[PDB]
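Here the structure is laid out as structure tokens; the discussion comes afterwards.
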Amino acid sequence: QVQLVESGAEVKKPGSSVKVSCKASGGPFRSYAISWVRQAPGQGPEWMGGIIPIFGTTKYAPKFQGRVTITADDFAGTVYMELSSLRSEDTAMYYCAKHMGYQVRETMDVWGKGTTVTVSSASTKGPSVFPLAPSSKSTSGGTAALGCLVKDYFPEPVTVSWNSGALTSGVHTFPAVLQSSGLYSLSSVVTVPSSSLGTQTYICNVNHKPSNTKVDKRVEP
Amino acid sequence: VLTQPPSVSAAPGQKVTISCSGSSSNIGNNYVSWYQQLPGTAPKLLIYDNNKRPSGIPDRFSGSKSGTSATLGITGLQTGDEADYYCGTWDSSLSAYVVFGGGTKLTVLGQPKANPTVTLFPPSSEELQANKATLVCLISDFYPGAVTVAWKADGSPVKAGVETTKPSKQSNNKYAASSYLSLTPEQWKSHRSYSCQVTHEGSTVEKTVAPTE
């Protein structure tokens, strides 16, 4: 009957600070310790620090000592984690987790879904959308593949649907690629019958909320 | 600095064990937990206090600690058990912190080999008109999830300008991958044809495009 919910994703430039929050239902004033644990992509988890209830004392991992700060506002049942002088290596998934008791020496029994902070030197840019047209090179067996190239955007994520939501069965949106420019690019493909191709009209609906751009693009042979 | 084997595999219905080794300042003198992490979820507590199991965890999960190490055990393993597994404890030295293992990835044997299907698109005309050129090679529905990708200019390879993704499990439990070749419009129109060549399980699939003929 106790749930954890952290704040939304963050995107930061190197050298800046970031302050993530974690909100607890049940509670709300705590009688359990709360910790922060990060996980770099393709890595084992890494404890950062935690905060004891009532007494407010804090313990920090040796690695983060002096540039991480953990605090709690008891009247709102919310704990904060603040990491300063960000580098690219700080890019990770950030979990809050509560302890089955009041000590950080104890099992972490409940975890939040997680939140990502991304550290990059890039600025926020909307994408360009280009059609990936069916053609004779993609037509076999009475099927045809067609799609959309969402090029050079920052940061993640982007939303691609088809015909404003109608087409779903037979739609694959590939995971993005990260170029050396520090910009993202992805592709979205819908598999459909050869016959419909000319008669049928297909439109992709790209949405990049971070730069407030919605692009709608028709894909035709 | 907790050491686990990087991966472990067994068939459905059988038993596995995952070990975790450390020193006396951590595993030796403290209690070990095990956490399970399915792709894209919060880590869930499987086992605590070395061998105790929280209410709501199937009894085919078992834990044990002997001296300086601990082992997790799963019996009658079902395909839904495929995840990364982490051990965790408290280090009691002057360091004074919570320490984790490297993780082990448990995979379950048997899904049929699925040969990959490959779609290759050439640069769109509006992108060429924007003074850029991107060849896109999409690979889907292969298993197991490891392919290599090679590009060809006419008949000879090109290594420059290539970006490929890590393969990733789709929703239908097969794998997908994208590869992008970035060129100038001058280079694109400069060749007879370009080829994307996908190699999966000692078999080759190759698709071709040409500057609108």
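Ordering of the structure tokens sets the chain letters (A, B, ...), residue numbers begin anew at 1 in every chain, and ligands are numbered from 1 in the order given.
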
Leaving out residue 18 in chain A and any residue of its chain fewer than 4 positions from it, which residues lie within 8 Å of it when counting only C-alpha atoms, given as a ChimeraX atom specification? /A:10,12,82-84

Go ahead and write the residues just picked, C-alpha atoms, as a compact mmCIF listing (two decimals), in the first residue's frame.
# COMPACT_ATOMS: atom_id res chain seq x y z
CA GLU A 10 15.77 15.66 -17.79
CA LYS A 12 21.29 18.69 -19.31
CA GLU A 82 20.72 16.86 -6.56
CA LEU A 83 23.78 16.11 -8.69
CA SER A 84 26.12 18.94 -9.65

Please check the contacts: residues of chain A at most 7 Å away from chain B, using only C-alpha atoms, listed as a ChimeraX atom specification. /A:44-47,61-62,105,107,109,111-114,130-132,138,177,179

Give me the residues within 8 Å of residue 31 in chain A as a PyMOL selection string, counting only C-alpha atoms and dropping any in the same chain fewer than 2 places off. chain A and resi 29+33+53-54+101-102

Please produce a file of those selected residues containing N, CA and C atoms, as an mmCIF file, in the first residue's frame.
data_model
loop_
_atom_site.group_PDB
_atom_site.id
_atom_site.type_symbol
_atom_site.label_atom_id
_atom_site.label_comp_id
_atom_site.auth_asym_id
_atom_site.auth_seq_id
_atom_site.Cartn_x
_atom_site.Cartn_y
_atom_site.Cartn_z
ATOM 1 N N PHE A 29 4.584 11.345 5.886
ATOM 2 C CA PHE A 29 5.753 11.460 6.742
ATOM 3 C C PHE A 29 6.317 10.057 6.877
ATOM 4 N N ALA A 33 13.784 4.526 5.498
ATOM 5 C CA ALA A 33 14.833 5.202 4.751
ATOM 6 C C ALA A 33 14.505 5.168 3.263
ATOM 7 N N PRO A 53 14.821 8.587 7.967
ATOM 8 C CA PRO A 53 13.658 9.382 8.381
ATOM 9 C C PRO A 53 13.853 9.975 9.766
ATOM 10 N N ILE A 54 12.983 10.918 10.127
ATOM 11 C CA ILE A 54 13.086 11.646 11.402
ATOM 12 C C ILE A 54 14.420 12.407 11.491
ATOM 13 N N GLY A 101 12.558 -0.780 6.355
ATOM 14 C CA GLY A 101 12.958 -0.340 7.679
ATOM 15 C C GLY A 101 13.536 1.065 7.609
ATOM 16 N N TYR A 102 14.310 1.454 8.616
ATOM 17 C CA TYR A 102 14.768 2.832 8.725
ATOM 18 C C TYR A 102 16.250 3.013 8.398
#

Give me, as a ChimeraX atom specification, all polymer residues having an atom no more than 10 Å from residue 79 in chain B, counting only C-alpha atoms and skipping those fewer than 4 positions away in the same chain. /B:11-13,83,106-110

Based on the selection just made, write N, CA and C atoms of those residues as a CSV table (one decimal), in the first residue's frame.
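Wrote again-v3.csv, looks like this:
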chain,number,residue,atom,x,y,z
B,11,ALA,N,16.9,-24.8,-20.4
B,11,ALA,CA,15.6,-25.0,-21.1
B,11,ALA,C,14.5,-24.9,-20.1
B,12,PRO,N,13.3,-24.6,-20.7
B,12,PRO,CA,12.1,-24.4,-19.9
B,12,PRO,C,11.8,-25.7,-19.0
B,13,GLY,N,11.5,-25.5,-17.7
B,13,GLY,CA,11.2,-26.6,-16.9
B,13,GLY,C,12.3,-27.0,-15.9
B,83,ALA,N,15.5,-12.3,-17.8
B,83,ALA,CA,15.7,-10.9,-17.3
B,83,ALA,C,17.2,-10.8,-16.8
B,106,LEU,N,19.8,-14.1,-17.8
B,106,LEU,CA,19.3,-15.4,-18.0
B,106,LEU,C,18.5,-15.5,-19.3
B,107,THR,N,18.9,-16.3,-20.2
B,107,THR,CA,18.2,-16.6,-21.4
B,107,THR,C,17.5,-18.0,-21.4
B,108,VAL,N,16.4,-18.2,-22.0
B,108,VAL,CA,15.7,-19.5,-22.1
B,108,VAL,C,15.9,-20.1,-23.5
B,109,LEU,N,16.3,-21.4,-23.5
B,109,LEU,CA,16.6,-22.0,-24.8
B,109,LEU,C,15.4,-22.2,-25.7
B,110,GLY,N,15.7,-22.5,-27.0
B,110,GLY,CA,14.6,-22.8,-27.9
B,110,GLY,C,13.6,-21.7,-28.2

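Around residue 110 in chain A, within 6 Å and counting only C-alpha atoms, the residues found are residues 97, 98 and 108 of chain A, once anything fewer than 2 positions away on its own chain is removed.
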
Writing out the chosen residues with C-alpha atoms as a tab-separated table (two decimals), in the first residue's frame:
chain	number	residue	atom	x	y	z
A	97	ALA	CA	13.82	3.06	-3.62
A	98	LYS	CA	12.56	2.62	-0.09
A	108	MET	CA	15.21	-2.15	-0.82

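Taking CA of residue 25 in chain A and CA of residue 106 in chain A as the two end points, the separation is 20.7 Å.
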
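In this structure, CA of residue 64 in chain B sits 5.4 Å away from CA of residue 51 in chain B.
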
Identify, with DSSP run on backbone atoms, the residues in range 113-209 of chain B assigned to strand (DSSP E or B), and express the list as number ranges by chain. B: 114, 117-121, 133-143, 148-153, 156-157, 162-164, 168-169, 175-183, 194-200, 203-209

Using only C-alpha atoms, which residues sit within 9 Å of range 140-153 of chain A once same-chain residues fewer than 5 positions away are excluded, as an MDAnalysis selection string? (chainID A and resid 124:135 158 160 179 181:195 197 202 204 206 208 211 217 219:220) or (chainID B and resid 119 136)

So which residues of range 34-210 of chain A fall under alpha helix (DSSP H) by DSSP, listed as number ranges by chain? A: 196-199

Using C-alpha atoms, can you export the residues from the last selection as a CSV table (one decimal), in the first residue's frame?
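For reference, part-v1.csv as written:
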chain,number,residue,atom,x,y,z
A,196,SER,CA,-4.0,-1.1,-52.0
A,197,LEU,CA,-0.8,0.9,-52.7
A,198,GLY,CA,-2.1,3.3,-55.3
A,199,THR,CA,-5.7,3.5,-54.2

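Residues with any atom within 7 Å of residue 113 in chain B, counting only C-alpha atoms and excluding same-chain neighbours fewer than 2 positions away, are residues 111, 115, 143 and 144 of chain B.
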
Restricting it to N, CA, C and O atoms, dump the selection as a short mmCIF file (atom, residue, chain, number, x, y, z; two decimals), in the first residue's frame.
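File produced: result39.cif:
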data_model
loop_
_atom_site.label_atom_id
_atom_site.label_comp_id
_atom_site.auth_asym_id
_atom_site.auth_seq_id
_atom_site.Cartn_x
_atom_site.Cartn_y
_atom_site.Cartn_z
N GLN B 111 13.75 -21.15 -29.39
CA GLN B 111 12.80 -20.43 -30.22
C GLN B 111 13.44 -20.84 -31.55
O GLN B 111 14.65 -21.07 -31.60
N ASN B 115 15.17 -16.52 -40.18
CA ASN B 115 16.02 -15.77 -41.10
C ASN B 115 15.48 -14.33 -41.27
O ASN B 115 14.26 -14.12 -41.30
N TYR B 143 16.00 -14.30 -35.55
CA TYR B 143 16.37 -14.89 -34.28
C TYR B 143 17.39 -16.01 -34.55
O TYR B 143 17.17 -16.82 -35.45
N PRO B 144 18.49 -16.06 -33.78
CA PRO B 144 18.84 -15.21 -32.62
C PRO B 144 19.25 -13.80 -33.01
O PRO B 144 19.48 -13.52 -34.18
#

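Take CA of residue 152 in chain B and CA of residue 196 in chain B: the distance between them is 6.6 Å.
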